[PDB]
Each structure stands twice: as C-alpha cells, then as structure tokens.
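Engineer: Here it is: the structure, laid out below.
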Amino acid sequence: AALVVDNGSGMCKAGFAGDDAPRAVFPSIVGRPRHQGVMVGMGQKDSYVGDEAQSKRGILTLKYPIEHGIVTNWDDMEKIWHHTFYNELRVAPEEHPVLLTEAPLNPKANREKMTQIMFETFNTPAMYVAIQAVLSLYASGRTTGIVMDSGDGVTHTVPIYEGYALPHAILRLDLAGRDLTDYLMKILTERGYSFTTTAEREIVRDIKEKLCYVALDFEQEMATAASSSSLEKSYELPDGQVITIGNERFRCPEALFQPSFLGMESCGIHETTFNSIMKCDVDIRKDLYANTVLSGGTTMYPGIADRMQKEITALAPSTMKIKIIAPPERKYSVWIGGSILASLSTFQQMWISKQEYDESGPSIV
Amino acid sequence: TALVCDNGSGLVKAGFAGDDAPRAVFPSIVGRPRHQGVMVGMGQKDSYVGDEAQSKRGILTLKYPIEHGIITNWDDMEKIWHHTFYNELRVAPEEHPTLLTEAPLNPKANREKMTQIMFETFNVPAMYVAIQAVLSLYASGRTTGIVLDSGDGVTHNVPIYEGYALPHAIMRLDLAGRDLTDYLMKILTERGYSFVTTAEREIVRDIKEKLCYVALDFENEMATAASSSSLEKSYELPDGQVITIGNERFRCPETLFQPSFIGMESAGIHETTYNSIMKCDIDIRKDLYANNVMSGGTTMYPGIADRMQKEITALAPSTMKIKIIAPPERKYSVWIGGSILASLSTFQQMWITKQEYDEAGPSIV
Amino acid sequence: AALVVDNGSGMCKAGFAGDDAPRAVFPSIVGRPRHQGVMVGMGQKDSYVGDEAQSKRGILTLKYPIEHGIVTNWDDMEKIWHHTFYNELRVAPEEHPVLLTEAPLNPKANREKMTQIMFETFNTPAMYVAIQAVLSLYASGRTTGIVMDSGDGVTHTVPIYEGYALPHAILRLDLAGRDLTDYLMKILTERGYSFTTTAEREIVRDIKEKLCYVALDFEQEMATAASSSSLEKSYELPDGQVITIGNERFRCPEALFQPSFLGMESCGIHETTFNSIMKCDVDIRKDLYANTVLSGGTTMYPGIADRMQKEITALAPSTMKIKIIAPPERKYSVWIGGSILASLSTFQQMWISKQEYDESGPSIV
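Chains as they are written, first to last, in the working numbering: chain A, 2 to 366; chain B, 1133 to 1497; chain C, 2 to 366.
Set out below in structure tokens:
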C-alpha cells in the first residue's frame, strides 16, 4: 500500500492509497527547541514536529514550514516528511512510493528539489507530485471542470480539462479563513465581544463554524435580521455571558462576494471562477459551469452554493447550466482523490520511479 | 501642434507629433471605488484612470477597456481620452489634431467609434487612427516586410506590401507580456516563493523586465540549469529578501516558442511567421523574409533577435536571405511610427478633418 | 486645549495637548470606603481616588482598575476619569476633548465601553483613542516601525505601518516589571538577604532600577563577574546594613531573553519580535527591522540596546539594516506621543466627535 500525504498549509494529512479518511492528520509545525542565553543542555531531537511540537510550544520555536502550499523552508519541511514516515504512520519510505500534494499555482524548482530529497535522503521507490485541486475533482468522480478551493488563506479556481489543469487561468485569490475570522473578529467589535487576541481568536473561529451561514440575498436577509430573535443565536459560555450574535452570521461570509467588507481588491468569488473560465478553452465552458466543484475548509459555509449558482447566473451567458457541485466530505477531497488515484494500477503506469531520477534528476516531473 | 496616442491593452502612449519618445505613458485601467471613499484631503471622486487608479487599486474595481488590442468598452475608453487630453497632455483638443493607433485586425465600427468620440465629444480639428504593427514598420523606416507585434496582451505577425497589410497572413496570439508576467509568478511560487502582498504581484512584472532573456540554445541551457553555475542571479525585493532567480529567468520567455508551457495547443511565434509568409504571395515572400521586424512589450527580452534569426533559417529553406530587425526603441515604435508620420510634410492630405467628417460621416476614416 | 490620559495599568497620566510632560500623574486606584462590623455608617465620598486613595489605603478597599492593559472593571475606572477631570486637572470634559491610550490589542468591548462613558457620562466634544504603542512610535519620531513595549505586566510588539498598528502580528508576552523583580528577590536570598514581606519589595524594585543591567554576552559576563568586585555594587538600605549584589545584576534582565531562569514556557524578547515581524507584510518588514523601538519602564535595564541589536541579528536575515532605537525617556513616551498627536490638527479633523457617537453610537471606535 502506498502513501498519500496532503500537506495542507498548516496541517499535514497522511495514510495509504485506498482509504476513506486520512490516516495521519497533524499540524505541519516544526518546533526549534530554545531558551537562548547559552543554555548548557537542551534536550533530545533538534527539531520537534507535529502534535508533539504543539504541546511542546513554550520551549520550541513553532512555525509552519509551509506558506500558502509552498514549502517556504526545505529544512524544517523535510522534518515534516521525516515525521510522517518514522513517527506518524511508522513507515519506511524506501518501501512506500508516495503521492505528494502540490498547490494550485505551484511550479517549478521545489518539484525539482522535492524529487532530489525524496529519492536520495528518503529513498522512496517512486513518486508523483500532484495538484491539490486536480485530485479534488477526482474525489467528486470527475475529470473536466473547475474546482474552487478556499482553505485558510487562499481561494483557488482551477480550469480542469480532462484531469489536466490549464495553468494560466488557475486563480489564487487572497481571501479565505483568517481573512474571514479576523474580519469576524472585527464584526464582533461594534457590540462587541472582547476576544481580540488574549487569545480567544480561536473562539471567534469556533463561532464561524457552528453559528454562521450564507445569505442567499443580502438585503432581504438584512431586514429579516432587523426583525430580530430567530436569526440571533446564543453563543453561551459555560461561565460568563450568554452572548448573542445576530447580523454577524451572514455578514462575515459576504466578504467573499463583496470585497468592500474587508477593503481588499477583488472581483467576487463568482468572478474569480469566471476569470479562470473565460481565460481558457471555450468548447468546455458549460462543461466547466456544470462541473464547477468546491474544496476546503472555507467552502463549508452553509448556503454558499445557492448563493454561488445565483451569483454566477448574474454573469455567465444565459445558455449554460450553472450546477454547483459541492461534495459532502469537501474538507478532505484531495486525500480521497489521491487515494483513488494511487489505487489505480495505472498509477504504476504514471508516477516517476527511482530509475528515471538516477537518469534525469530534478526536472523529471 | 499634432498629438499621437497609442492604445495598448495595458499601456497608453500619447504625446505630440515629431517627439522621439512618448509624452504621456499611462495604464489603461479605469477604477471605481467600492465605497463613498472620502480621501481625506480631496472631495468625492468618480472614476480613476491609470496611475491614480493604479496607486489606489485596493479601494477599487479595476477593469481594462482595450482587451487584446480591441476595445470592449467605450465608456471607459472615452474617460481615458478626456484624461489623455486635459490632464496628461494638458491640451485643449479643438486646437491640437490627434492621431491614435488600432489593432491589425481592428473592426470598421471600432475605427469609426474612435472617430466619433474624437470629433463629436472632444472636438479635435483633425484626427487619425493608424494600424499598430504597420506603424512599427514605419518606425523601422520601410514600406514592405513582416512585423511581430508582441505586447502586454497580444502577439501579432503583420506583412505589409507598400502600405497595405494583407490580413490573411496577419496572425495573432493572445499570449504575451501578461500571460508571461503571470507565468513568471507561478514558476517562482514553487521555485520557493510566495508573491503574496501587492507590490510582489507587481515586482514579479519587474523581475520579468529586469532579468528575462530568450536564451539561444534553450536545451543545453536546461543542462546549464542542471549544472548550476553562476547563471544564478540574486535580486533584492521591495524589502531586502534576496530572491535568486536563475533558470526560470530564461525558462519563461521560452513559452514564446512552445505554448505548451502554459497550456495552448497553438503554435509559437516563429512558426506563425513562417505560416504568414506562406499564406502570402510567393514573390513577396523574399521581402518579408528579409524585413522581419519585432515590436512591442514582449520583444524587449534579449536574444529574441538572435532567436528568430536561427529559428526561421531552420524552418524556411536555403536560397533565401533572412533578416530579423529589432530596434533599440521597440517598446514605443508603434507611437514613434505615428509621431513622425503625423509630422510628415506629405501627410497633411491624410489629416482627415471635421469638414470631411461631417459631410461623409464616420465612414470617411 | 484638549486632553491626553495615559491610563498605564497602575499609573495614569493626564493633561492637555501642547504640554511637554504629563500634567496629572497618578496611581490608577479608586478605593471604596470599608471596615465591615456593621455600625453607624460612613457618609462622605463614595470613592476616594488617585493619591488621596494611596494615602488612605488602610481604610478603603483600593483596587487596580487595569491589568495587562486590560480594564478589569468599569465603575472604578469611570471614577479614574472623574478624578482626572474634577480633581486632578480640575476640568469639565464637555468643554475639553480627550485623547486616550489603550493596550496593543486592548480587547474590543473595552475600547467602545471607554468611549460610551466619555460620550454620554462625561460628554466630551471629541476624543481620539489609540494604542499606547502607536503614540510611542510617534514619540520615537517614527511612523512605520515595530515597538517592543514592556511595562509592569506584559510586553507588546506592535508592527506599525505608517502610523497604523497591524493586529495579526502584534504579540504580547507575559514577561515584565513584576516578573523581573520577583525573580530578583528570590536571587538576593542566596546570601540570606531576605527582604521577603517586610515592606521592602519596593526596595528590591529600587535595586532593579538603580543597579541592574543586561549582560552583552552571557557566559563571558559570567567569568568576568567571577573575577570580582568591580561588577558588584554595594547598597545601603533605607534602614539597614550595606549589602553587595554582583552576579544578580545581569542574571535577572537576561531572563527577558531567557525564560528557563523564571522557569517558563516562553520565547525571548528578541524572538517574539521576530515572530511578530514575520506575520507582517513582506515589504514593510525591511523598516520594521530597521526601526525597532523600545518603550515602557522594564526595558530600562542598561546595555539592552547594544544587546538587542545583536540579538535580532542572531535571528534575522543579513539583507536588512538592524537598528534598535531606544529613547532615554521610555516611561513617558506614550503621553509624549499622545501630546504629539494631540498637538496635530489633522487629528482634529479625524478624532471621534460627539456627533459621530450621536450617529454611530458605541460602534464608532
């Protein structure tokens, strides 16, 4: 059984080619142990990593090795893979060929560097680096389409032709997760419910999931919220105030459609989609608009789809079926899609083996 | 007295006639605020064009009127030109005759709508629209030959016989300085970078201008990449983070021969010259083969002259004289070609005035 | 003239715009009358407040209205401003607009609640609230930069871009005035000095200011102390024998950079600053590094400036000109920066006017 390792920006997933949910999930953090000052004796292992490093925190330097999908730093990122094998799944990479995740808009030299380290340091038998969205469409049982990822800090719209992305049109936009959560922190500052970062920022995120949703129409939902009481939801504490949030709940998703709310320059998330599509192939265009699919943590807002289908209908030619495919498990779509892919025997007729590295080196993928 | 104003899909170049280099260079972007955004220090403002819209892009909804040489929107086009006159050139249109440029395939109606707007709103005494690349052959000082007009947003081949361009040979390729700017953006993201904040989404354009080359012998240069010598060339970013870009540097203009790098099944520049000179008449082929001139924003990259030299000598066999001519000016030749023509002592009898215009109507131009 | 009221957690500072140095400077305390028993009554002045309360003490429940730059109670605090007006500066705020200064990431509702009290209870014509640190960068003669404040209770490292604080990078670390001194007590006691709980905590504090500093390198300062008695400084008590403290004087301030001595899970005053800056915009960073400022009282240990320039240079890339500005007056800097802003009429056309509370209400902050 081979590996699927979904190093989402702050959170690595791992396991085997053929499972239904990721078999090792962890924060991609490397902890560098420290107290400065010429400490006479530090401890064991120069870097911690993962859920260890999370507990260990105050004695480590914690940082995500990854930024936006990109390996920022190869050293502490290598410690992430070193953890995956000989700590997380307790595996040996020399036996286990690894599918490796790569972001939308992620070429060239880390692929080139990745194949070096994994074939020399970790002596993988074979490997394949693979676009996160390109597998996300595979989890939804598809091949042509346009996938929209929004995780923690990134939207992503990838024009897929037949299991191939058309890279120029792949949009990345600076709107997701945090930009909605710190903004939701700024939504609970008119009333406002204190969290700031002392450090109940997490509880703000915790509201975001459990109590927020999408207004299908902003205006009628505004007046309806002003009609009070049913939209207001109590966010009680097992302690202090039975805090009430009302307008918030639809207010914070709305910054996806109107970048007015956050000051940021953007076309709507609907037009991000449009600005992958129209930048590409025309004979696939309602096969794109009818295989428009979602991926990631900030997609899961309850009501985005009804809102999206409408908001693209405001733009696209009348004569195209807007059909918003959001899967049930859209948090893990990449790993699932990768599991299916590395369950193809034809993934053998597809990845790069050891052989082709010892001949071609870096540029082989 | 006269004015010349050249409308790129990214940059507008205006000035007077007979000046060597443009007096107004401004970005074709028209931005509307997403709020009644009181700039504390000015009153309320309607539309920002170019540089103000470009410094304040954050608060706006940016849009380009000239998409791929063509004008898609005349509202924004008009306010651009009022801006060209009264603000940029600082002129009163009714005393200063104006010249403009157009796409090699520009529609009759488009030509007429720019002639409607120039007289009927602005009231200029005499206006001309000319045809982009053909004017670069006038900056190259000749009547006949084939011009590769490759810009910010459009690549073109134009063969002109004695004044008349022959459009069947006039090829076009909607992949240029823009598709390439963003193609630099992506190949650095996994080189190990995150062009995250806004000046980085622009410094990637700058690094394109500063470091790019169209390497001659691209293949063994791929082995030079693999042998990593001092082709590695660092650059300081808008902050101090020395980014070292070496290989992708040439491995990006390379896309002008092989659109497969970005995902087009279309042919490269060189072939598209050969096919042009081919669809053209056979005795004329010789002139075209001997007067092949590059112009525009993509052509600035070094070695592109050498490249088309050896490319078409490999494609077209061997009784022929080939000559590719690349001017030191080339990023403005479309304007320089207008300016000097406008001021020509034999050109006054092509200055189509209001007298001709009112009696004949738009169809005079 | 308008007002500036630096409610530093245990010590308020008040006065006007235009004045050099704080015009009312006082123990932020409001004492309720007490005694228990149950008896006849009490009668006059339901809260004696400011230094009146500080002399009173053992007759009033005095309390501290702020902790960690977070307001712990509003009733007592309201009476800090009321004392400020009709006792300290002897003023009535309906004539006199106020400027107020809070913590870097002073909790949302505390900002607003503050303003309510000032706008309906103390009816100010106007008020500008802002973060204590931003003002301190203006005192430091800067607009962009990062401030590393350490008062009595907590640090704060505030990446200010152009006179604006960025909350997502601003960190706050529980290492300050108390934590230094409580260690320093535990470390005098090795020689049996034992001031413990007489009254002499303020004397362990007097030692702190008057005799401590920060080792430049630690291990070579250790051997240098171990060559004896120029590093030691003798100390006469208010009543008591001359003591001698040597190894102490650097050992305790080192412990801002070193949590292991205190026995704590924390980053060092150098590194928290690094991790604050990285969370800021890649570009602005160059002159966050090149303008680290120090402010607050518990920075004041001699040697810290040469120490911290080196200490950030252990952590930051070589391509950015590290330059730690620490002002000689780093207690008053927040009222000074306060007075700078309060002497600037652009902020008159910008501060929260009563009418904007009549429009927006509590939300206006």
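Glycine residues also receive a C-beta, built at the ideal position from the N, C-alpha and C atoms.
Whose C-beta lies closer than 7 Å to the C-beta of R33 (chain A) among residues of the same chain, with five residues either side of it excluded?
Structural biologist: Against the first sequence, residue 33 (chain A) aligns to sequence position 32. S48, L61 and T62, listed in sequence order.
Engineer: Does the Cβ of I1414 (chain B) lie closer than 8 Å to at least one heavy atom of the ligand MG?
Structural biologist: The ligand MG is not among the ligands present in this structure, which contains no ligands whatsoever.
Engineer: Would you call the segment 30–45 of chain C and the segment 63–77 of chain C in contact, with 3 or more CB pairs under 8 Å?
Structural biologist: Flag = yes, the segment 30–45 of chain C and the segment 63–77 of chain C touch.
Engineer: Taking three-plus beta-carbon pairs below 8 Å as touching, is the segment 320–330 of chain C in contact with the segment 1145–1155 of chain B?
Structural biologist: Contact fails: fewer than three Cβ-Cβ distances are below 8 Å.
Engineer: Report yes or no: do the segment 1427–1438 of chain B and the segment 339–359 of chain A share at least 3 C-beta pairs separated by less than 8 Å?
Structural biologist: No, the segment 1427–1438 of chain B is not in contact with the segment 339–359 of chain A.
Engineer: Cα-Cα, which of C:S344, C:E163, C:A166 and C:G154 is closest to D180 (chain C)?
Structural biologist: Numbered from 1 along the third sequence, position 179 holds the residue referred to as residue 180 (chain C). Closest by alpha carbon: C:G154.
Engineer: How would you label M128 (chain A), buried or exposed, when you count the other beta carbons within 10 angstroms and need 16 or more for buried?
Structural biologist: In the first sequence, the residue the question calls residue 128 (chain A) occupies position 127. Burial call: buried.
Engineer: Output, in sequence order along the chain, the residues in the segment 190–202 of chain A whose CB is closer than 8 Å to any CB in chain C.
Structural biologist: Flagged, chain order: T190, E191, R192, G193, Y194, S195, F196, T197, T198 and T199.
Engineer: Does the separation of the CB atoms of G1201 (chain B) and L1232 (chain B) fall below 9 Å?
Structural biologist: For the purposes of this step, residue 1201 (chain B) is identified with residue 69 of the second sequence, where counting begins at 1. For the purposes of this step, residue 1232 (chain B) is identified with residue 100 of the second sequence, where counting begins at 1. Against a cut-off of 9 Å, the Cβ pair of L1232 (chain B) and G1201 (chain B) comes out as no contact.
Engineer: Closest Cβ-Cβ distance between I132 (chain A) and chain B: below 9 Å?
Structural biologist: Position 131 of the first sequence, counting from 1, holds the residue named residue 132 (chain A). Answer no: the Cβ-Cβ gap between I132 (chain A) and chain B never drops below 9 Å.
Engineer: With DSSP as the reference, please indicate the residues paired to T156 (chain C) in a beta bridge.
Structural biologist: Mapped onto the third sequence, residue 156 (chain C) falls at position 155. Bridge partners of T156 (chain C): C:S151.
Engineer: So, at 6 Å on beta carbons, what are the nonlocal neighbours of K14 (chain A) in its own chain, with the 5 sequence-adjacent residues on each side left out?
Structural biologist: As a first step, residue 14 (chain A) is located in the first sequence; it is residue number 13 there, counting from the start. Excluding positions up to five away in sequence, the list reads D7, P23, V26 and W336.
Engineer: Classify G1469 (chain B) as buried or exposed, calling it buried when 16 or more other Cβ atoms lie within 10 Å of its own Cβ.
Structural biologist: Within the second sequence, residue 1469 (chain B) is the residue found at index 337, counting from 1. By the neighbour-count rule (16 or more Cβ atoms within 10 Å), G1469 (chain B) is buried.
Engineer: Taking buried to mean at least 16 other C-beta atoms within 10 Å of its own C-beta, is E222 (chain A) buried or exposed?
Structural biologist: If you number the first sequence from 1, residue 222 (chain A) lands on position 221. When all chains shown are included, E222 (chain A) counts as buried.
Engineer: Which of the three DSSP states is assigned to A1422 (chain B) in this structure?
Structural biologist: As a working mapping, residue 1422 (chain B) is identified with position 290 in the second sequence. DSSP places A1422 (chain B) in helix when its eight states are reduced to three.
Engineer: What are the start and end residues of the beta strand (DSSP E) that includes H1402 (chain B)?
Structural biologist: As a position in the second sequence, residue 1402 (chain B) is number 270, starting the count at 1. Looking at the DSSP string, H1402 (chain B) is not in any beta strand (DSSP E); the run it does join, the alpha helix (DSSP H), is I1401 to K1411.
Engineer: Chain C beta carbons: is any one of them nearer than 9 Å to that of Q55 (chain A)?
Structural biologist: For the purposes of this step, residue 55 (chain A) is identified with residue 54 of the first sequence, where counting begins at 1. Closer than 9 Å: no.
Engineer: Starting from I1319 (chain B), trace the beta strand (DSSP E) both ways and give me its first and last residue.
Structural biologist: Against the second sequence, residue 1319 (chain B) aligns to sequence position 187. Here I1319 (chain B) belongs to no beta strand (DSSP E); instead the alpha helix (DSSP H) covers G1309 to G1324.
Engineer: Does the beta carbon of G1372 (chain B) sit closer than 9 Å to a beta carbon anywhere in chain C?
Structural biologist: Taking the second sequence and counting its residues from 1, one reaches residue 1372 (chain B) at position 240. Closer than 9 Å to some Cβ of chain C, the Cβ of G1372 (chain B) qualifies, so yes.
Engineer: Identify which residue in C:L316, C:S230, C:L174 and C:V215 has its Cα closest to the Cα of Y302 (chain C).
Structural biologist: Stepping through the third sequence from its first residue, residue 302 (chain C) is reached at position 301. Out of C:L316, C:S230, C:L174 and C:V215, C:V215 has the C-alpha closest to the C-alpha of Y302 (chain C).
Engineer: Residue range of the beta strand (DSSP E) that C253 (chain C) falls in?
Structural biologist: Mapped onto the third sequence, residue 253 (chain C) falls at position 252. Here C253 (chain C) belongs to no beta strand (DSSP E); instead the alpha helix (DSSP H) covers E249 to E255.
Engineer: What span of residues does the alpha helix (DSSP H) with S137 (chain A) cover, start to end?
Structural biologist: Translated into the one-based positions of the first sequence, residue 137 (chain A) becomes position 136. Looking at the DSSP string, the run of the alpha helix (DSSP H) that includes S137 (chain A) is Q133 to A140.
Engineer: State the start and end residues of the unbroken alpha helix (DSSP H) segment that holds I1394 (chain B).
Structural biologist: For the purposes of this step, residue 1394 (chain B) is taken as the residue at position 262 of the second sequence. No alpha helix (DSSP H) contains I1394 (chain B), which DSSP labels as neither H nor E.
Engineer: Taking DSSP as the reference, what is the three-state secondary structure of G338 (chain C)?
Structural biologist: Translated into the one-based positions of the third sequence, residue 338 (chain C) becomes position 337. Note: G338 (chain C) maps to helix in three-state DSSP.
Engineer: Would you mind telling me which residues of chain C sit closer than 7 Å to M40 (chain A), beta carbon to beta carbon, in chain order?
Structural biologist: Sequence index remark: in the first sequence, residue 40 (chain A) carries index 39 (1-based). Per Cβ cutoff of 7 Å: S261.
Engineer: Looking at C-alpha atoms only, which residue of B:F1251, B:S1187 and B:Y1367 is the closest neighbour of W1213 (chain B)?
Structural biologist: The residue you call residue 1213 (chain B) lines up with position 81 of the second sequence. Here the closest residue by C-alpha is B:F1251.
Engineer: Does the structure place the segment 1370–1381 of chain B close enough to the segment 1397–1406 of chain B that three or more beta carbon pairs sit under 8 Å?
Structural biologist: Taking 8 Å as the limit for Cβ pairs, the verdict is that the segment 1370–1381 of chain B does not touch the segment 1397–1406 of chain B.
Engineer: Residues in the same chain with beta-carbon distance under 8 Å from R58 (chain A), minus the five sequence neighbours each way, listed in chain order, please.
Structural biologist: Within the first sequence, residue 58 (chain A) is the residue found at index 57, counting from 1. Closer than 8 Å at Cβ, skipping near neighbours: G32.
Engineer: Can you give me the Cβ contacts of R1304 (chain B) inside the same chain, cut-off strictly under 6 Å, excluding the 5 residues immediately before and after it?
Structural biologist: Counting from one through the second sequence, the residue named residue 1304 (chain B) turns up at place 172. For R1304 (chain B), where only same-chain residues beyond five positions count, the Cβ hits under 6 Å are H1288.
Engineer: Have a look at the DSSP bridge pairing and note the partners of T245 (chain A).
Structural biologist: By one-based count along the first sequence, residue 245 (chain A) stands at place 244. A:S235, per the DSSP bridge assignment.
Engineer: Where does the unbroken alpha helix (DSSP H) through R1439 (chain B) begin, and where does it stop?
Structural biologist: On the second sequence, residue 1439 (chain B) is found 307 positions in, with the first residue counted as 1. From DSSP, the alpha helix (DSSP H) with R1439 (chain B) extends over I1436 to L1447.
Engineer: Please say whether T156 (chain A) and residue 369 (chain A) have beta carbons closer to each other than 9 Å?
Structural biologist: There is no way to answer for residue 369 (chain A), as the model of chain A reaches only from 2 to 366.
Engineer: What's the call for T273 (chain A), buried or exposed, on a 16-neighbour Cβ count within 10 Å?
Structural biologist: Reading the first sequence from its first residue, position 272 is the one you call residue 273 (chain A). By the neighbour-count rule (16 or more Cβ atoms within 10 Å), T273 (chain A) is buried.
Engineer: Could you check whether the segment 134–150 of chain A touches the segment 158–172 of chain A, counting it as contact only if at least three pairs of C-beta atoms, one from each stretch, sit closer than 8 Å?
Structural biologist: Counting Cβ pairs under 8 Å, three or more are found: they touch.
Engineer: Can you give me the start and stop residues for the alpha helix (DSSP H) that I1339 (chain B) sits inside?
Structural biologist: Position 207 of the second sequence, counted from the start, is the residue given in the question as residue 1339 (chain B). Taken as a continuous stretch (DSSP letters only), the alpha helix (DSSP H) holding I1339 (chain B) covers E1332 to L1343.
Engineer: How far does the beta strand (DSSP E) with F27 (chain A) in it extend, from its first residue to its last?
Structural biologist: One-based indexing of the first sequence puts residue 27 (chain A) at position 26. From DSSP, the beta strand (DSSP E) with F27 (chain A) extends over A25 to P28.
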